[PDB]
Number of protein chains: 2
Amino acid sequence: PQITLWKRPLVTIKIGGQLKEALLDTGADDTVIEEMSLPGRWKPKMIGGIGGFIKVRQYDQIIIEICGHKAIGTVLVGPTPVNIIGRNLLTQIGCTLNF
Amino acid sequence: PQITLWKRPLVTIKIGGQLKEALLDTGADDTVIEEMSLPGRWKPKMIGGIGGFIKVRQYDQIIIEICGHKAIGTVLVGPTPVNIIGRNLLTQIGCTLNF
Ligand SMILES: CC(C)[C@H]1Cc2cc(F)ccc2S(=O)(=O)N(C[C@@H](O)[C@H](Cc2ccccc2)NC(=O)NC(C)(C)C)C1
Ligand SMILES: [Cl-]
Ligand SMILES: [Cl-]
Ligand SMILES: [Cl-]
């Protein structure tokens, strides 16, 4: 698909047996999701955005589905104001910027 | 161009006759640049991101070139960690997400 940028590029994702709305964010290095349970081991991490840093839990090797496209990667879980799909997963679905 | 996301989508921009590096950011509604001098009057604005908010100065109708593509629009100036080209200008240069 081709997604325009007149409004926020929000998509439905499937993660940890849940459906969530998330933002396709080329400015995010990492994928960051609001509080939820994920299986497996995790370690703490600090990530910095515009307003400073937040503490998140880092889960590795998590399968996500974005627009029928399956991918696997690290997912950070914490107090993000919006669920964000970052470059670590955008690359896996073959997402590019075009102009 | 077609830009992949294996690395940050950093491009050269020109604003006020000066070259700067900035991130093409589909997750940013607005364009935010680090402290610099711009002409005219400014209006107040708050930008909320991960970690909280920053207060910025809103300048309207500013000439800005992005990777050689000319745009004229709103530029926010403030204590952002990185120069960000948001959707307001990505639409002016005809940028889309594709997969
Ligand atoms: C709608 C919200 C999502 C957006 C809110 C937002 C809205 C705007 F109008 C302008 C900027 C921003 S932002 O910069 O706060 N940001 C865009 C993101 O792409 C940032 C850009 C960035 C990169 C590096 C340092 C500072 C900012 N990345 C970002 O937040 N990355 C992590 C991994 C922390 C999620 C989130
Ligand atoms: Cl990853
Ligand atoms: Cl590729
Ligand atoms: Cl604008």
Side-chain angles (χ1 to χ4, degrees), chain A residues 1-11 13 21-34 45-56 65-69 71 73 76-99, chain B residues 1-11 13 21-34 45-56 65-71 73 76-99:
Chain A
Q2 177 165 101
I3 300 170
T4 62
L5 301 167
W6 304 115
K7 60 185 183 178
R8 286 188 175 178
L10 297 171
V11 298
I13 64 166
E21 293 297 295
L23 181 66
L24 300 180
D25 192 340
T26 61
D29 300 326
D30 307 314
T31 292
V32 194
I33 306 294
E34 69 199 335
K45 190 179 173 76
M46 288 280 272
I47 59 172
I50 224 172
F53 290 77
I54 63 165
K55 190 182 176 191
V56 296
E65 193 177 292
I66 312 159
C67 305
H69 299 71
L76 309 180
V77 178
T80 177
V82 175
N83 297 320
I84 296 306
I85 305 305
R87 296 188 294 100
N88 74 308
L89 297 178
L90 295 173
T91 59
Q92 303 297 282
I93 68 167
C95 188
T96 62
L97 287 158
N98 300 82
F99 61 102
Chain B
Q2 172 156 283
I3 299 169
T4 61
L5 299 168
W6 304 98
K7 61 182 173 187
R8 286 193 169 182
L10 298 168
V11 299
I13 67 165
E21 182 178 77
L23 185 64
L24 301 178
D25 192 351
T26 60
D29 305 316
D30 306 313
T31 292
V32 196
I33 303 294
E34 292 159 15
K45 200 180 164 73
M46 305 279 278
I47 297 157
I50 273 69
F53 286 67
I54 61 166
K55 271 192 167 186
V56 297
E65 198 181 66
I66 301 150
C67 195
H69 292 248
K70 296 174 182 285
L76 308 179
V77 177
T80 176
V82 63
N83 298 318
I84 293 165
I85 304 306
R87 294 187 296 99
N88 73 305
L89 300 182
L90 294 175
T91 59
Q92 289 200 23
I93 69 173
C95 192
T96 58
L97 285 165
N98 296 262
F99 57 96

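In what follows, chains are A, B, ... by sequence order, proteins preceding strands, each numbered from 1.
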Task: Residue, of A:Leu90, A:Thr80, A:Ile54, A:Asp29, that accumulates the most heavy atom pairs under 4.5 Å with chain B - done: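 The option with the most such pairs is A:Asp29.
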- [ ] Could you grab the distance from atom CD1 of B:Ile85 to atom OG1 of A:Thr26, nearest 0.5 Å is fine?
- [x] 11.0 Å
Task: 4.5 Å side-chain heavy-atom contact, A:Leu97 and B:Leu5 - done: yes
Open item on the list: Is any side-chain heavy atom of B:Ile47 closer than 4.5 Å to one of A:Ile50?
Closed with: yes
Task: Contact class of B:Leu24 relative to chain A, heavy atoms under 4.5 angstrom - done: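 It is both, since atoms from each part get that close.
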- [ ] Give, as side chain, backbone, both or neither, the part of B:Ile93 having an atom under 4.5 angstrom from any heavy atom of chain A.
- [x]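 For B:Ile93, heavy atoms of backbone and side chain both lie under 4.5 Å from chain A.
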TODO: Could you tell me which of B:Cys67, B:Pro1, B:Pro79, B:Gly86 has the largest number of non-hydrogen atom pairs under 4.5 Å with chain A?
DONE: B:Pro1
TODO: May I ask you to name which of B:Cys95, B:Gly78, B:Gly52, B:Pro9 has the most heavy-atom pairs under 4.5 Å with chain A?
DONE: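 Greatest number of close heavy-atom pairs with chain A: B:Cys95.
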Open item on the list: Tell me the closest heavy-atom pair linking B:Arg87 and A:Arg8, and the distance in Å.
Closed with: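 Closest approach of B:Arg87 to A:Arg8, heavy atoms only: CZ-N, 3.5 Å.
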Open item on the list: Could you report the tightest heavy-atom contact between B:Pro81 and A:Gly49, atom names first, then the distance?
Closed with: CG-O, 3.6 Å
Task: Among A:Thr4, A:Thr96, A:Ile3, the one residue meeting side chain to side chain contact (heavy atoms under 4.5 Å, CB included) with B:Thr96 - done: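 Per the side chain to side chain contact (heavy atoms under 4.5 Å, CB included) rule, the option paired with B:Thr96 is A:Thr4, out of A:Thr4, A:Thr96, A:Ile3.
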